[PDB]
Amino acid sequence: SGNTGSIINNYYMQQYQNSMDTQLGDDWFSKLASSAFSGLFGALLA
Amino acid sequence: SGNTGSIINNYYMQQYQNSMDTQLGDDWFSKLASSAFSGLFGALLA
Amino acid sequence: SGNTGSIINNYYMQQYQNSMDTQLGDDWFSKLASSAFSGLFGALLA
Amino acid sequence: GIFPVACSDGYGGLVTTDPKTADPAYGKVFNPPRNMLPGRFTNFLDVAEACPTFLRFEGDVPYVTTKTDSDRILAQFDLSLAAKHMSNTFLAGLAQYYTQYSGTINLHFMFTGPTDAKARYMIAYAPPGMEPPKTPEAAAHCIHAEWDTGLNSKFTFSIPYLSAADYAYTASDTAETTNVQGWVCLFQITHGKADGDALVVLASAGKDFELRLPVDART
Amino acid sequence: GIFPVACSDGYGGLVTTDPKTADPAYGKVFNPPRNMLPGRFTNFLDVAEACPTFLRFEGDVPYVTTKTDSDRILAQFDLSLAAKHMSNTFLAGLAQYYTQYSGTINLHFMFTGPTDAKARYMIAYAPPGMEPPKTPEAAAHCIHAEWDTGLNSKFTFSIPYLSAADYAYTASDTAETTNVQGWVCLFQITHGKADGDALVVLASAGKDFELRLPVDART
Amino acid sequence: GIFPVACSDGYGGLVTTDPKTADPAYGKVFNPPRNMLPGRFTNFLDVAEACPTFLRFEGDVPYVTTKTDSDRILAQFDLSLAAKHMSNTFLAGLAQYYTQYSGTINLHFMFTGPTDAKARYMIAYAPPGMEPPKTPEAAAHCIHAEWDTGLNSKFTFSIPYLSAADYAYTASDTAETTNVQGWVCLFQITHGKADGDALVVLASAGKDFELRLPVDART
Amino acid sequence: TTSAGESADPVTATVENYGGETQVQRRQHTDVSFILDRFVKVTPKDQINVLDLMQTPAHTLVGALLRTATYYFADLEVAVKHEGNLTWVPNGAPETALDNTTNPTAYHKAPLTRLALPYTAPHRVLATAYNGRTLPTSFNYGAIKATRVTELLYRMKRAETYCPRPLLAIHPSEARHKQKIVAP
């Protein structure tokens, strides 16, 4: 996902190559940047 | 089955990699633990 | 066939790995052993 | 031509715990049958759950005796798999080979006095951050249970896993003066002619007890 | 026989930035759950866009003050991520780890004077190839914007990316006497009783600001 | 780029018994036809089953002679593939190249006396754990067979495999004073004018005789 | 949870008794096959080394855990550092066989030899204790020999364990057994 560029599947199982994430029950900054006001606050002439 | 993590089939036959089991004609402790009493022996108030 | 245990096909052709047999026009001891008399020659009581 | 390959630096050394298998040398051996031999166990925690083992108290005994004096503390020790009180249990024997754990630890209490001896006990869990309670009245405000003697001689209580992090260490660091996980406090509320009678206590793993990260530290 | 292979010269050495992964040694570890923790960011430019940071002016302050004198230049600096004026911004902190960039850089101006203080400002972009303008009249011929104070205290202006090549360098070469990318010129057209009042200015990345070619040069 | 690979330590040395084949060097040779040559054998145990061979008794002879005296023991030896009595058989010759075996061993007895010589014999198997029987009466309580002479000169008896473990050793350890697998006891119940007549005995592998775990120990 | 303590039927109380909630548990690390499936060092003898799992030091992870089983089964792997060629011989072989090269022999190849060996005992299973201190000589995985063996490591494969036995932690002199834990 980061700086990896092999087209073949890793020889070892995922369970060994990395730690495994568990669940309970750019996210925030991406939403913040996307919500930015990008116009003019007033009336526009020509 | 234990601490093995290769996704590819072993190059050698099973008959060579390991000894072969034969049949005749966590088992016990798993059953014992699963059968454990886990409640209250009496009457419960609120 | 003897003491060989690789699951992958040999990289080299059979014509190179081994000599090739030709035809003209445990066999004997297996038949001999299988034909062995295995009972009683007489009458059996109880 | 032939397949070109890059023998990579930093790979290939023997790792004592690697996930691969060695090449074989002696094939086709068939083993004597061994299906359905009794007593098999496949996970160490199943036996830790099913077989409670004895705690150790002052004097090298698995019990505490009822007393007659204003002091009602029967036992008070650090909730730690490295505690002297737990040092002879199967649970502690297993825990030494892992660095972390979480989940419930069950304590079992079995009254051993004669039929005409009665008593009422209290077990409490005092969390870290404040000195443990010295009296039953002060300990009442902690998570606790009280029970008395009768036809059933045994009582089991679950010590809860409560901590800031999701896992706790099995070992105790030398720079750790006050116990990190709290204290278990066993009190005697009162008794009726039970002087000198023994209450034996055992410990077993609870349903969600878990050990992780194997480690070989000697011991 | 077995598969023949050619161990190739020139391949296989460790490269600090290679696209492959190491062999594992300690398997099956499950992590504590961490889904939906607040404040996550996945690209450094999203925060550079969303969080403008302060410019630095003579005297180590994030503002310029209105003046009363024939000189109407409030500030004039090299359009460079290596400029002293930008040296304390997040944008410059990020830019030092890349060799090239392109795209828009936004400047924000916030008036801080009292309600009875009024002013009119002008921001202009002077391209390279000619000395930057010293007066608002001369700067009028450049790309520019003028605005005054009122209910809304803030004004934002996009400094355009204009160059011969598609990318510009983030670093400034020592043999580079005149700024390669031009100058931003902040003027004061006039003011009404705004003596000593501060106009604070911030900078953020624009919609098409882009950094490429990571580099570790110390700093 | 090319395929990266990890040349692993601990693998690749020549193993005298490995399951792989060498690379070829001289191809396309066709052999003279040899289909259906007589006398082929594909498993050593088929010939061990089909071709019984002679036992060896005191004096270097394959027979035991009937005697006239209170002692009715014709022969008594350790049930061991390493026994002197079995040392000239094909079975013992094969067994020396394996460490373990299980299954039946057949003994064959052929009367050689003249038509006017009659006798009655007894073969018994005495298990380990008690000294072998010295008389036919004591041996009667063991697994045994009795037979007499007549038109058919030969009698065959299966020595059973009886042991705690599923396999027994073919070799006999030097620290092994009493035979581990018991004794075969050949007795003479009585005879009618058979003084000096010979009973020759042979041994062959039974239907379930099995040898496993090849070993080269010299010999 | 009250019950008849004399009984021996397992009793497992939960935090639900006082309003708590039992969580999820993942016990892969205490799985028998998994935990024993790793190399453990043993001090070798110069030349002849009988492969015997009881050589594992009792305080090691593998040694301690193996000893908590009275009966066990497993195939084996060894990693050996040696001079000259290494010869292995199966259970029941005459010691003299250790010098004959037709028995599995690995020719020297730096830095060490790793080999997968099959269970080879005549018994359906082996034991860590035998009431017959001292174990029957047939409890082994054969033997190896080389001009000189410098390092020997064992690794149990496909392990099976039966009838648990005591597993002891260190007995502290103080209220807790304290150790210096890895820290920055």
# chains A, B, ... in the order shown; residues from 1 in each chain; ligands from 1
>>> closest_atom_pairs(of="chain E", to="chain C", cutoff="8 Å", atoms="only C-alpha atoms", output="JSON lines")
{"residue": "E:1", "atom": "CA", "partner": "C:10", "partner_atom": "CA", "distance": 6.2}
{"residue": "E:2", "atom": "CA", "partner": "C:11", "partner_atom": "CA", "distance": 6.0}
{"residue": "E:3", "atom": "CA", "partner": "C:11", "partner_atom": "CA", "distance": 5.9}
>>> closest_atom_pairs(of="chain E", to="chain D", cutoff="6 Å", atoms="only C-alpha atoms", output="CSV")
residue,atom,partner,partner_atom,distance
E:5,CA,D:3,CA,5.1
E:6,CA,D:4,CA,4.6
E:7,CA,D:5,CA,5.2
E:8,CA,D:6,CA,5.8
E:11,CA,D:6,CA,5.4
E:12,CA,D:8,CA,4.1
E:13,CA,D:9,CA,5.4
E:14,CA,D:9,CA,5.9
E:25,CA,D:18,CA,5.0
>>> residues_around(residues="residue 24 in chain C", least_positions_apart="6", cutoff="10 Å", atoms="only C-alpha atoms", output="list in words")
residues 32, 33, 34, 35 and 36 of chain F
>>> write_last_selection(atoms="N, CA and C atoms", output="short mmCIF file (atom, residue, chain, number, x, y, z; two decimals), in the first residue's frame")
data_model
loop_
_atom_site.label_atom_id
_atom_site.label_comp_id
_atom_site.auth_asym_id
_atom_site.auth_seq_id
_atom_site.Cartn_x
_atom_site.Cartn_y
_atom_site.Cartn_z
N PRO F 32 18.68 -52.01 -25.13
CA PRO F 32 18.32 -53.25 -25.83
C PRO F 32 17.02 -53.71 -25.16
N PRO F 33 16.10 -54.32 -25.91
CA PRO F 33 14.87 -54.76 -25.24
C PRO F 33 15.13 -55.83 -24.17
N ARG F 34 14.39 -55.76 -23.06
CA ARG F 34 14.56 -56.74 -21.99
C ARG F 34 13.22 -57.12 -21.36
N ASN F 35 12.13 -56.89 -22.07
CA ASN F 35 10.83 -57.25 -21.52
C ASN F 35 10.65 -58.76 -21.37
N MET F 36 10.01 -59.09 -20.27
CA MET F 36 9.72 -60.44 -19.82
C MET F 36 10.88 -61.44 -19.67
#
>>> closest_residue(among="E:101, E:30, E:147, E:183", to="chain G", atoms="only C-alpha atoms")
E:30
>>> atom_distance(atom1="CA of residue 35 in chain G", atom2="CA of residue 19 in chain A")
17.5 Å
>>> select_by_dssp(residues="range 128-159 of chain G", states="strand (DSSP E or B)", output="list in words")
residues 143, 144, 145, 148, 149, 150, 151, 152, 153, 154, 155, 156, 157, 158 and 159 of chain G
>>> select_by_dssp(residues="range 80-205 of chain E", states="alpha helix (DSSP H)", output="count of residues only")
10
>>> closest_atom_pairs(of="chain A", to="chain G", cutoff="12 Å", atoms="only C-alpha atoms", output="tab-separated table")
residue	atom	partner	partner_atom	distance
A:15	CA	G:28	CA	11.5
A:20	CA	G:26	CA	11.7
A:22	CA	G:26	CA	10.8
A:23	CA	G:24	CA	11.3
A:24	CA	G:24	CA	10.6
A:25	CA	G:24	CA	11.9
